[PDB]
Each structure stands twice: as C-alpha cells, then as structure tokens.
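In what follows, a structure is listed as structure tokens, so that the remarks can point back to it.
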Amino acid sequence: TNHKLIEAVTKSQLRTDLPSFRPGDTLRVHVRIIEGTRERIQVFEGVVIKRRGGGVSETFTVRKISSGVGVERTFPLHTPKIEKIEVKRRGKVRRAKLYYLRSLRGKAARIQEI
Amino acid sequence: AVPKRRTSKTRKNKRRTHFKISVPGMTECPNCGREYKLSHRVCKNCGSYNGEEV
Amino acid sequence: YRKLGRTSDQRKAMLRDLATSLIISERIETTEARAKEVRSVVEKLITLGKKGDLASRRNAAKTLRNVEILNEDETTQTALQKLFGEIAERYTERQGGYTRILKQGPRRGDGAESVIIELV
Amino acid sequence: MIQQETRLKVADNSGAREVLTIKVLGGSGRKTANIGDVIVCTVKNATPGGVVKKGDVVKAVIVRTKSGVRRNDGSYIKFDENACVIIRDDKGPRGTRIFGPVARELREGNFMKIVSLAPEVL
Amino acid sequence: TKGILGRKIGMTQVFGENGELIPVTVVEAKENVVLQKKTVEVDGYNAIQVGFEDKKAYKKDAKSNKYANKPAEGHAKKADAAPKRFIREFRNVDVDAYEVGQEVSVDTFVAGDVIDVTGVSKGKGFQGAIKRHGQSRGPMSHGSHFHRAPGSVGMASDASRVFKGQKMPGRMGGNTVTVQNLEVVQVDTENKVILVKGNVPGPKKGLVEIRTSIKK
RNA sequence: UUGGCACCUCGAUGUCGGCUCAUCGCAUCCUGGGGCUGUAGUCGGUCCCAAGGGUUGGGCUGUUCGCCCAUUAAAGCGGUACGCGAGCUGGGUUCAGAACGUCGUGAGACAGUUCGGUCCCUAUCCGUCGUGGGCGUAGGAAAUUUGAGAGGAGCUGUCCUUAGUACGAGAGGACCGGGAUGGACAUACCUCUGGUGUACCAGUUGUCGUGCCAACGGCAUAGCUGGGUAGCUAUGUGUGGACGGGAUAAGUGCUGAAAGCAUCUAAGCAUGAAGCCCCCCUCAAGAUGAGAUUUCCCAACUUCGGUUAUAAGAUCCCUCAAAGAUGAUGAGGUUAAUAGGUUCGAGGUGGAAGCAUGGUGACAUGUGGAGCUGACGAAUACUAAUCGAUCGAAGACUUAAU
Ligand SMILES: [Mg+2]
Ligand SMILES: [Mg+2]
Ligand SMILES: [Mg+2]
Ligand SMILES: [Mg+2]
Ligand SMILES: [Mg+2]
Ligand SMILES: [Mg+2]
Ligand SMILES: [Mg+2]
Ligand SMILES: [Mg+2]
Ligand SMILES: [Mg+2]
Ligand SMILES: [Mg+2]
Ligand SMILES: [Mg+2]
Ligand SMILES: [Mg+2]
Ligand SMILES: [Mg+2]
Ligand SMILES: [Mg+2]
Ligand SMILES: [Mg+2]
Ligand SMILES: [Mg+2]
Ligand SMILES: [Mg+2]
Ligand SMILES: [Zn+2]
C-alpha cells in the first residue's frame, strides 16, 4: 500500500459514491461552482484524457472543444464540489494518456465506442 | 599552476603523516587458531568459514 | 540499483553471462559487486523455474543464454532445461535465498575483492 | 507564463489578429504574466479595415493560456492557445465581440463586459 | 506555548471547509515523554527535555543505538520511563504544567493552532555555486568556456585576498531549518498523528520539532 | 575626467566593452524621519539626518556615454590595476593578406574607413568554501545544552474603509488609523501541475540469430515512438521579512538660568529615523576564559611514587541509507527485519503467453482491469551481517569553608 497511516488518515476524505471510468469515455461533470453571487452548477461535457494518482490525490482531466478552442479541465477525483458524474459512452482506447488528441481536432479526434 | 618555492623536508614530512596504510581487518582462524586471517573472509589455508571447507 | 563500470547494455550482457555460468557451474569466482547484482537475477530465474509455466520458460529465455552442457550421462542439455528440471526441483521448500556469497580476499592485479557465489 | 516577444492571438473584433507583447504590468522585474493580467502589446497582424491597425501600441488582457491557472480546489484549467482582448481605461474592450472561451478569474479582475460578452466562461 | 516531537512521514491532500484543497504533512508523534525538568536554580534556564521513540533496553554485547546504553537507561529510570532515541529541549514552554515522566499527546495542540516546525533539512552532497547559492550559468555557446563555474572571487591587488563570506562549492546538505507560521489542520489520536499544512523540512523517517509560534 | 612630472615595473605589471561574482564610500535615486516655503488640498521646490534593503527589460551601435520604445517606488553617482581574461568571451583597437579616399617620384603612410584573422598552464604558499584525524579542556564515557561571539534577513506597490470627509469657487482631493492582496527576493519541499526518469510498461521498422510457425533475443543515438514509479527538481506547492522594546540622529519641546527679560541646555527632564543594540533564523565552549546539567563505570599488584589490562563507552570488521568525493553522520549486526530474495500491495503500463471462436487474410473477440512492474509500504530469517580483534579510568599540588 501507500502507507498504513497515510491511508488511515486520509480515509475520511474519500468518496465511494462515484463510478468506475477510464480514459477514453465521454462523461459529464456537474461542478458546484460558487460564483460571486451564489452557487450555480455548470456542466463540463468532455472526454477523459487521463487518470493518475492514488487515494485522495487521484485526478482526472477532461477535454472539451467549445468554439474550435481546446479546453482542458483537470480535477481532483474526490472533491466535494463535484456533485455528480454522469457517463455517456465508453470509448475504445489503447493507451491511458490520450495526449495525441491535443494535436488533433475534428474527425480525427473521434473515439470509437464499444 | 607552478610552485614558487620548493617544499621543505619539514612540510613534506608533515604532509606524509596520514598517507600510511593500516593494519588489515585481521583475526585468527579457530579451525587452526594461528594462521591469522581476514575477518568475514575465507581462510586460504583451512578453506574454512564457520567450520565448513570450501 | 547498481552500475558496474559498464553502460546499460554491457551490464545486461555481463549479468546474463554470470547468471548462465552460475546455472551451469553451481559456483563461480567473481567480484563482490557483480555477485551482489547477479544474485537478484538468479533468484528471480529460480522463481520462474518454480512457477514452471510456459510463460515462465518464455520469460527466462529473455534472460538466459543458449548454451550446451554435457551431462555426466554424456548427454546434451541446455541451461534452461537444467534450470527448470533440476534446480527448481531442488528448491521446492526454500522460499528465497537460493544463493550465497563468500568473500574470499583481495586479488593481486587490481586489488579487487574476489568472491565465490553458489546456489546453496 | 507569458513574457516579452510572445505572440498572442486576439479574441475580439477590434481588428487585431495577432499581437506581440512588450511588458507585463503589475510591478518591477515582472518576468511573466498569466490569466487575468494586463500587458502592453503591439499589433503584428491586423484584419483589413480593422479599428486597430498594424504597429499600434495598446494594452490588452490575457484571457486564456496553455500555462493555465490553478484554483483553490485543485481544479486546473488549461487551453490549446494563448489569447488576448484589447482594452483601454475602465477595464473594458474597445471591440464589441469576444471569440471562443474565457476564464472565470476575470470576474475577480473586474473585466465584466468581457465576461458578459464571452460565449462560454469556464 | 507547547512542544512535541515526531517523524516526517510524508505529504497528502485534504479538503477544507469550502472544497478548498490543502497540501498537508503528516507527523507521527508517539512515545513522547518528559524526562528532565530543567530549572533556573540548577541549570540557569527553565526548560523541558522530551523523549521520543521508545527503544530497546540494555544488552551486554550491544552494537547499535537500537539497544539503549546504560547512561541513558539510568537517565530515563530517574523519570520512571523507557529509554529514548531522540531528545530535545523546549525553553519556551512553561515549567509548572509538566512533571517528570508525564506523557505528552498530540491532543495538546488543536485544529487551527499555529506553530513553527524545526527539522534537519534534506542532504544534498557536494554541490556547486549554482545549485547551492542560486548563481547564474555562463553562456552555453558563443565560444564560452564558463558555464557552471563560480565567477570571480575577489577584486585584485587591492584586496589581495578573498573575503570570508564568499560563495563557493561545498556541502549543500543537512542544515537546520525553522519554518514559521504554519497551521495545524487535524489531529488523529488512534494513530497519534498531527496534520500540518505545508512543506516541512528534512526527509522521511526524519525528526521534526513542532512547537508553538513565537510570533503572532 | 582632460593633462602635467616621469618615481616602481621593458631577463613582460595583458590592454576598451560585455559576462559571472560581488565589495566599499555617500556628495541619498526610491522608501524612512524633519525644518523653511512665493506649503490651500493632491502634487511639489529647497535644505538637514539617514548607506538597512532595493535600484528594470529591450531597439541602435564593438561600443562606454547617449537617443528611443515600454515600465518602475526608483530605474542613483563613484571607487575597488577606468574591480575581476592562472574566472569566460574577443566584437573592437594593435602583427603579417587585401581594397577605397588622400599623401608620396617611390618604397610605403594615415587617432581615415573597410572584409578576414591561433586568448598556453595538472594550483606549492597565503586566501576562501566545505570536510575529517591528533591532542587538549586534571578520572574515562554517553546525551541534552546556556551563549563570549559570528553570520543572515532587512525591499515595496495597488486596492477597500475611515470619506468623496478635512481643504478648496470648483475641478479635484490628504495625513493619521485599520484591513486586504500582489511584484521582486530568500528558504524548505514534491501531495498537486509539469520535467527527467538508460535494469519500468507497451507499440513499431530493418537485419541477424534461438533448427521452422508462434514467441523471444542482439545491433541500429536508450534503434525510434507513446506513457511513466522512486528520487532529483521548478515553471509548481507552503512560509518569511510580523508585532514591538531601549538608547540616539536632524529636529521638536517642558522647566531654567549664565544675562532680573528672552532663552530646547549650561545642571535636569521628555520625545524623536526604514538607521544602532535587541526581538526573528542558523553556526557556536579550541570561548586554551576550553562552561553547565543529567546519567553511567569505579580493582589487582605495588620499588612507594607507579603500573596493569579491564568496566562503562567506542571502534575494527560486515549488511545498508534518510547520509555521502573519502573519512565522517545515521539505520543494523543472529537476544537480528540492515539489505537481497519470497508472498502481498500502492503507483505505472494497458489487456500477456497459450487455447478457442468469427474471418481467405491482415486482424477481432472471450478466457481476463490480463500479465508485467527498478527504486515506495508491510509481513517473512530463505542468503549474507560468523568466530573474533583493538583502544579505552583508578582521578597532581596548594589555599580556604566543611
Ligand atoms: Mg544499444
Ligand atoms: Mg563547452
Ligand atoms: Mg621576472
Ligand atoms: Mg610574470
Ligand atoms: Mg549626507
Ligand atoms: Mg579594468
Ligand atoms: Mg584569456
Ligand atoms: Mg577584460
Ligand atoms: Mg599583443
Ligand atoms: Mg600620385
Ligand atoms: Mg596606427
Ligand atoms: Mg572566414
Ligand atoms: Mg512532482
Ligand atoms: Mg510521489
Ligand atoms: Mg527484431
Ligand atoms: Mg517470427
Ligand atoms: Mg555490426
Ligand atoms: Zn583456518
């Protein structure tokens, strides 16, 4: 394991609510932002590039194209701000870090579903 | 990179204190008592180390 | 880990040669560092001979050499055959420590520490 | 991590299409800039018949970068480009449209006409 | 104004009140025992020895700091406690609220209690002037032959010497460091642990002196 | 600075500028404190104290100087062989080649210009940065330590509020006081984002090999490519320069004479700067003035004087790192989890080999989040840290109090 004490301290910060997803698949992320007035909830619908880390330091970055501009939104997996994670597809992928998509945009960025 | 002054016998000898070598990590072999050997090493004579020939 | 006055590939080949030579000879006279590094190699190979699967032969052929040894029945045999057929059958209760070392003493030419390493 | 001699695309309609930075504003010895920060600039490429033409010196806001920004929740946001929007006094543009997405830190930066005109804040 | 010894274990994350991320450092402080209570009468300065990490007892033929030596075993018997591995004093702490043999706990501190941790930094070896003092590297092209060396050293005939505070290559290693104004986040008592916000000095398996801040 | 004199150097004192590294002065550029004002207020002028910190990036030029662009609190003046070439460069001047203008009958010449043009050295001494051994500190040892001293850090903007107040016709617009947030810098560290990551994982080309298919191996920059554990790191994460005290500087005052008054001074008293001594951080008892505390060890022979090995303690020697050029420091040394291996995991890669199945085939699917996995976590004596050896006290005299 990581460490018998690290794990036992940082257990409480974990979250078991969440699903099992992999880099490749298009998911949504219902972020719980705090705009300067109040709390809204905007969604970031994109494909997962990667997941790294172990434990509370697990992460996953998501990539969306808004208007020809590529966006890359990284998160900690165990935030309280992520109220919900929905999952649309399960994309087919032979790697774990889809960094080849950063150079590709359009018909070549297509992930094939299973 | 070139000395201006010769190095006296006094300085030569004051420097050649720590250049010596020490008594090795020597011990007896208990198979033969005498024929001192190196510690944690095989005995050349007895071929031994903890009783067993090698 | 450790580097032995050799670059990466030379180190790999030296280690494979030492492993294989050990498997053939059952004891070899070397320097202590090369011993201390090849014991890991050897012991992992013995573990593969104990697991005994085809995939384990295939993974140990990645690390052994194709050598031919004559048996005492005047018979032809390979390192890998010897390994998976004899050596892993000797150690079926022994859980590691398939190899020992004996510090011999300082070599004349280079002042190196010679050792003897065998698979008891 | 935006410096001198960085060329930034321009995310408005003011006439400028590529823009080169000169000095980052905020203090002395300031090496770099990042999202939300203001820069002096010059226009190396301009759209024909644009309001803001070639070789005009002008201020601008950094709107999006590859060397993105960290948030207090650990969330990061990066982009596939570097972009500017050109301004004057009152922290608002001399254009009227903004292209592509924009970051939230401009809210704290009081660039509110920009945030309102941006088609997607992120 | 208190004090406690520990071991740097490492670093993790933890989430605050508002989803705020927090980089945090784990410090295990078990087997903390007051041993000697110094006094202005006898030592001239009021202070408190504190032990850490109970270790093994006398052995006739011992060969390490594992097995405690007979002076130390006596020093601790005088407190009616076990021999100890790490000892340090704490002058800022008060005298009356500690007696000898008393066991300190992590529970002394509290969430939000501000501190300063002092520990022996990580060991970089013999290093050069750049790595060690943050100097600049000479140019790597244009016919240069000065890349990573320390530059000039002194001036000339006037000042035909090299001032003492000159900066040259040497041992970059384990220098004692105090980090100030760090915040205590959380405390765990089954595990006897202290979570500290930040980047405390020294390596893993390494002693750490946590104590209350002198400046506020 | 321009020069003068020609005292050192011609059996060699390397010569402009830039770079790296800083150091000092103050005739102070900013910030600090004050007086006068033709000081309404914001801003300013001028002078006084003040050297703690800071005092920018580019264009042109070999260029220093200088002009310009853009900022900044400010973009300081000078010295240090116009600081620093056994620390770099060598653009420029200053060798030999060549050419223009001009001079010269000519060879050739020009503080005229132009193209090109070899920058040697393994550091003896001092010095400096780090690191150890010897002895000493009146017994021998282990740990914790005060601090004579030394060193470091010492910066500053923008905003909000007081308050759109005081001021002023208005335009405009404070001090004081409180709070917040950044630039540069220093430091520690790697959970985060990124980098590397040559005994990690996978893909792939050519060629040769393991007898052939399959699978593997070697060479091709690690063959190339895509990710990447540990550690090392910044571009990343945290913190810092906080709040104050005492005595002073220019000054500002009270009392108060000498001099019936006046009068900050002569006696006396109070106040007063980012400055000084402290507070803060680190090293520190070789501080030969060698400190203190706590604990441990405490015989036998004697020429009588003194010895002796031995105790405590530490080393040799070995296994290793959190340490490291080597010594050393630290974890451990069989009454043993120090490293290796082994079994589990984390993290990483991303779906092994074989078999079967659908396809003419390239391939695809299932068995199966498969198999591999160097450094990280845990458990486990399987292997090696064997037996041993060496060093290491018996505490001088005097005086006084007991
Ligand atoms: Mg190769
Ligand atoms: Mg070079
Ligand atoms: Mg001479
Ligand atoms: Mg000479
Ligand atoms: Mg002055
Ligand atoms: Mg000069
Ligand atoms: Mg030179
Ligand atoms: Mg020069
Ligand atoms: Mg010359
Ligand atoms: Mg003529
Ligand atoms: Mg001339
Ligand atoms: Mg040429
Ligand atoms: Mg990192
Ligand atoms: Mg890590
Ligand atoms: Mg091949
Ligand atoms: Mg084949
Ligand atoms: Mg060949
Ligand atoms: Zn023997």
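Here are some notes:
- Restricting attention to the stretch B:9-30, the residues that are more than 9 Å from RNA strand F (Cβ to nearest atom), assigned to a loop (DSSP other than H, G, I, E, B) and either within 12 Å of chain C (Cβ to nearest Cβ) or not charged (D, E, K, R) (or both) total 2.
- Sole residue being touching a residue at least 24 places away in the same chain (Cβ under 8 Å) and outside any loop (DSSP other than H, G, I, E, B), chosen from E:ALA76, E:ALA81: E:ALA76
- Residue among A:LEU5, A:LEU77 that is more than 17 Å from D:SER75 (Cβ to Cβ), within 13 Å of another protein chain (Cβ to nearest Cβ), surrounded by 16 or more Cβ atoms within 10 Å (Cβ to Cβ) and not small (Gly, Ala, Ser): A:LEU5
- Breaking point among (1) closer than 24 Å to A:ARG32 by Cα; (2) touching a strand residue (DSSP E or B) at 6+ places or on another chain (Cβ under 7 Å), for D:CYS84: (1)
Here's the yes/no breakdown for (1) surrounded by 11 or more Cβ atoms within 10 Å (Cβ to Cβ); (2) away from chain B (no Cβ under 13 Å); (3) in a loop (DSSP other than H, G, I, E, B); (4) more than 16 Å from ligand 18 (Cβ to nearest atom):
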residue: C:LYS82; (1), (2), (3), (4): yes, yes, no, yes
residue: C:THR92; (1), (2), (3), (4): no, yes, yes, yes
residue: C:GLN104; (1), (2), (3), (4): yes, no, no, no
residue: C:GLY109; (1), (2), (3), (4): no, yes, yes, yes
residue: C:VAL115; (1), (2), (3), (4): yes, no, no, yes
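- Boolean, E:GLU103 is over 26 Å from E:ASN65 (Cβ atoms), surrounded by fewer than 16 Cβ atoms within 10 Å (Cβ to Cβ) and away from ligand 18 (no atom under 16 Å from the Cβ): no
- Of all residues in the stretch E:174-193, those satisfying the criterion of being closer than 21 Å to E:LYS216 by Cα and within 14 Å of chain A (Cβ to nearest Cβ) are E:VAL184, E:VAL185, E:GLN186.
- Count of the stretch A:57-73 residues which are near RNA strand F (Cβ under 7 Å from one of its atoms) and either of a type in the set (A, V, I, L, M, F, W, C) or buried (at least 21 other Cβ atoms within 10 Å of the Cβ) (or both): 1
- Among residues of the stretch D:44-69, those that are within 14 Å of another protein chain (Cβ to nearest Cβ) and part of a strand (DSSP E or B), counted: 3
- Qualifying residue in the stretch E:24-31 (condition: more than 14 Å from chain D (Cβ to nearest Cβ), charged (D, E, K, R) and closer than 21 Å to A:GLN13 by Cβ): yes
- Scope the stretch D:110-122; condition assigned to a loop (DSSP other than H, G, I, E, B) and either without any contact (Cβ under 8 Å) to a residue 40 or more places away in the chain or within 12 Å of chain A (Cβ to nearest Cβ) (or both); matching residues: D:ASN110, D:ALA118, D:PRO119, D:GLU120, D:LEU122
- Residue list for the stretch B:31-50, filter: more than 15 Å from C:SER114 (Cα to Cα), in contact (Cβ under 8 Å) with a residue 12 or more places away in the chain, within 13 Å of chain C (Cβ to nearest Cβ) and within 10 Å of RNA strand F (Cβ to nearest atom): B:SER48
With ideal geometry, Cβ positions are generated from the backbone for all residues, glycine too; neighbour counts draw on all protein chains shown. A short reminder: the numbers here are calculations on the coordinates, not readings from a lab.
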